[PDB]
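Take a look at this single chain, the form deposited in one PDB entry, given in structure tokens.
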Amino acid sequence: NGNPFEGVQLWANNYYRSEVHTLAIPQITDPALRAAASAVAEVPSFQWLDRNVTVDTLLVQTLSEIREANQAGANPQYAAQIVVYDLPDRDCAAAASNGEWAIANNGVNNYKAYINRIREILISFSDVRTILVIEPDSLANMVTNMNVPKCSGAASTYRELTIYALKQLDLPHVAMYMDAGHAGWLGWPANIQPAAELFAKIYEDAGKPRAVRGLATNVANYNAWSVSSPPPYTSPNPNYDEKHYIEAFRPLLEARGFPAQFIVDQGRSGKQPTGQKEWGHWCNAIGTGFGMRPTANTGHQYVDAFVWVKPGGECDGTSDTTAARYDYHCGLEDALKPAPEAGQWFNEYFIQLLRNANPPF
């Protein structure tokens, strides 16, 4: 079917614009950086439904604004970009982004109701083309972290709820992309076949919903789409950038009946190599910059578009060792500190991304 990024304009949401203008710009002293910051507020990054309260507030508000714009004659029409991110026992292999719901406290029923309400809302807004990224990190943890107690404990629930979401959100105007980790996680030659088996089986078990378009890679990470030599921290993985990963991964998925198209996050991929000391250091990484802007013109048959899924400037996790959600990755030498709770605005990190932007603002 169709590439959902073709023939539309991507709406830049007002939540991210509001962070930049109300929190970042007033604290930025230099004129050029203020002007740069205003420009990055217009880059259309995904809007995250990270908490249940966002469904009837922020989601409805964004879809309503788009409808008004399109009903006025926007050309091309705008499309929404939304992330579904509220699994019970969320972020199973880390502490920083633990969610509001727990499997031991009716999390499965809370999640099904959240999905059902999202579905009702998307049905009401069927006139708005909606692109969704389904639960970043969830299935990638199923592949490599079955040795982690929280992840093995949540495995059967993650599989059931993913299938539930793929079926309930399989709507005419919706395109879904399942999160598929990244080059440095599932792109390792040892992990790529097992990842292809898992994604292709979930797709099959969901009844191969027509709205599932493929997979999203590099969400909330910093990998290059394509570099000319391997960054030192990538060795010895031969799939050292997303282009290598996706070129190796698509054949294995298509072999198992899932001919997935991809979308690749590049919101924090502008500077390479990054300042990461190890490829697994994912929290508030130093030496990173805003990367390639969202576009359907990728020059690749398997890639629907480059996107900005993780909104740069929104924290990856607190550096406070007394916090409930403290994760040691956020206290590393290559993690920017001090840092606020995951998802809260981190001005010093936003300025790092601005200064290191490529292309520049």
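In this text, the rigid core denotes the largest set of C-alpha atoms whose superposition between the two forms falls within 1.5 Å. One rule holds for the numbers: they count along the sequence shown, beginning at 1.
Only in words, not in the display: the form deposited in another entry, which the text now covers.
Asker: Pick from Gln77, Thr144, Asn98, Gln261: whose Cα moves by 2 Å or more between the shown form and the other one, rigid core superposed?
Answerer: Per the superposition, the moving residue is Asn98.
Asker: Once the core is aligned, please say if the CA of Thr295 is shifted by at least 2 angstroms between the shown form and the other one.
Answerer: No, because once the rigid core is superposed, the C-alpha of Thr295 moves less than 2 Å between the shown form and the other one.
Asker: Core aligned, does the CA of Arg67 move at least 2 Å between the shown form and the other one?
Answerer: No: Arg67 shifts by under 2 Å between the shown form and the other one.
Asker: Hey, does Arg51 budge by 2 Å or more at the Cα between the shown form and the other one once the core is superposed?
Answerer: Moves: no, less than 2 Å.
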